[PDB]
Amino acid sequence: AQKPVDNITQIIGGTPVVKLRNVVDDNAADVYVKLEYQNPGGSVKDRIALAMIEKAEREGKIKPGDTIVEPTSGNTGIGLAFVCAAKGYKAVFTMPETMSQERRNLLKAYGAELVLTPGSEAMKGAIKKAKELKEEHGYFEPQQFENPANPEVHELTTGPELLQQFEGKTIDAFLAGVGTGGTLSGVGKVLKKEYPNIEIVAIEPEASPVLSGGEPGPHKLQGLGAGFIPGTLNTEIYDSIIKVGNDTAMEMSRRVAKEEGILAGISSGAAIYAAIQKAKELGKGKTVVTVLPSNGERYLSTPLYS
């Protein structure tokens, strides 16, 4: 048990890794999952929310008391609301008025202010309002899809944690779903330098296979498939891409919760499904690692666990 800390953000990072036991055939490679939902705010986005705020502090772009704006209502918005509450910043989030009441409460619970944009304008309307607050009112915009602090914090923390966790053991493949791409790009850079023969695998939705050259489309892999190539994604870092369908990822999330006792979101089900293909392709004795970005309890209002 860790000694007392003065601030909850000091708990961000140092997440555990669990070997999968039942959803992987014993003929395949070992599969390990990093539980990023063990971050105190509930997801991997804790890490970039802290890094984005810390970097802006260092560079004098913000000081505690200042106001932040980001066009998101997902895990990055929760992470920013959490980090801003913990560090004394005011968080403003723009989102379409169609966003759920449960998610609005969670953001408002941390003291964040919500700016609702026209529902038909969807995400594009939220981005426009955020650009207006940044350019015409001086709000600081973290910009999760372009801020280099995003892939860099995974280069400095998530990746080296995996290196410590797999000391003396070789990792044969690392797989991660691509949202902003910061996880895959930053962990990938660190693992490839330490394990030059590792395979880095990007995971993306079958229904929106933008990295594979296909067309953006609606999909149910929440957290994945942004519909474009993020500035935070190093497209050179991955050797291959695995596409996962909506139903396939949901089925595996249900399997992992019931047979491993690990309750994670649909993007984690996609990651574990892809990690299990790679394991079977690599065979016994090899080592496959992936990341579980979020907890299944955040998605009880979705068809994931209905």
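Residues carry their position along the shown sequence, with the first being 1. C-alpha atoms forming the largest set that superposes within 1.5 Å between two forms make up the rigid core.
In 4 other deposited structures of this protein, superposed on the rigid core, the segment with the larger root-mean-square CA displacement between 177 to 185 and 91 to 99 is 91 to 99. When the other structures are laid on the shown form by the rigid core, the stretch among 153 to 161 and 130 to 138 with the greater C-alpha deviation in 4 other deposited structures of this protein turns out to be 130 to 138.
Between the stretches 41 to 49 and 246 to 254, it is 246 to 254 that shows the larger average CA temperature factor. The PDB entry records a higher mean C-alpha B factor for 114 to 122 than for its counterpart among 162 to 170 and 114 to 122. Annotation for 33, 69, 276, 241: 241 ranks highest, by Cα B-factor. The PDB entry gives the largest Cα B-factor of the residues 9, 22, 15, 294 to 22. Annotation for residue 76: CA B-factor lies in the middle third of the chain's modelled residues.
Per the PDB record, residue ranking by Cα B-factor puts residue 194 in the highest third of the chain. Split the chain's modelled residues into thirds by C-alpha temperature factor. Residue 87 is in the lowest one.
Remark: residue 211 belongs to the middle third of its chain, ranked by C-alpha B-factor as recorded. When the CA B factors of the chain's modelled residues are split into thirds, the value for residue 27 lands in the highest one.
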